[PDB]
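In what follows, a structure is listed as structure tokens, so that the remarks can point back to it.
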Amino acid sequence: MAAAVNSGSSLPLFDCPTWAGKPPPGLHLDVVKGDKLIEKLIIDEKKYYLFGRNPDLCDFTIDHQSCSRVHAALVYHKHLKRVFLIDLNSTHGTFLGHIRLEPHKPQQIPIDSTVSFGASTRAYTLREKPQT
């Protein structure tokens, strides 16, 4: 995995919106191959992350050749207090379980929800550290 971005002069890997804020210490991401939890991640640290393969740019890694360095990026709403998945012109596209997302337009992410990126057939189950 390398980076040979020659397009344009120099561009970032994402652009945090203005609806982004700060998530409380009680959130965390997840992944499901279908009916089995693969791994788990945290999302209660920043207000916007990434999702591709190259960590040198993104914070996470889809772990798929199909995907791209910056397949997409997440964003934690503030006025909604939820999450969002911005399909950064994903090679294929991003979905929210059974919904399709635009390659630019963000799509909120409910708790115990499920999202499926282009290749990664996973079912990113966005959870939320409930009551103990």
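What's the long-distance tail for region 20-84, i.e. % of Cα pairs beyond 18 Å? Looking at region 20-84, the distances longer than 18 Å represent 40 percent of pairs.
Between amide H atoms placed 1.01 Å from N, distances below 5 Å from residue 77 occur with 82, 83, 84, all of them 5 or more places distant or on a separate chain. Note on region 78-132: with charges restricted to the Cβ of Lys and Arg (+1) and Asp and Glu (-1), its dipole about the Cα centre is near 180 debye.
Taking GluC sites (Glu not before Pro) across region 27-130, the ones in a DSSP loop with at most 16 further Cβ atoms lying within 10 angstrom of their Cβ are 45.
In the structure shown, the pairs 105/129; 78/129; 22/105; 33/129 are assessed against 25 Å; a Cα-Cα span above that value is assigned to 105/129. Cβ-Cβ distance of residue 39 and residue 100, R₀ of 22 Å, FRET efficiency by 1/(1 + (r/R0)^6): the value works out to about 0.35. If only the Cβ of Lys and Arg carry +1 and only the Cβ of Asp and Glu carry -1, the dipole of the chain around its Cα centre is close to 240 debye. In vacuo Debye scattering of the chain, one point per C-alpha: log10 I(q)/I(0) at q = 0.17, 0.21 Å⁻¹? With one equal scatterer per Cα and no solvent, log10 I(q)/I(0) is -0.85, -1.31.
Straight-line reach from residue 36: taking Cα to Cα under 18 Å and skipping same-chain neighbours fewer than 8 places apart, the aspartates and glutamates in range are 63, 112, 128. Each of 99, 70, 121 was placed along the dipole of the chain (beta-carbon charges, centred on the mean Cα), and the one lying farthest toward the positive end is 99.
Applying the criteria of a DSSP loop state and at most 12 other Cβ atoms within 10 Å to the trypsin sites (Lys or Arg not before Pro) of region 34-125 yields 36, 81.
Don't worry about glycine lacking a Cβ; one is built from the backbone with ideal geometry, like all the others, and counts go over all protein chains shown. A short reminder: the numbers here are calculations on the coordinates, not readings from a lab.
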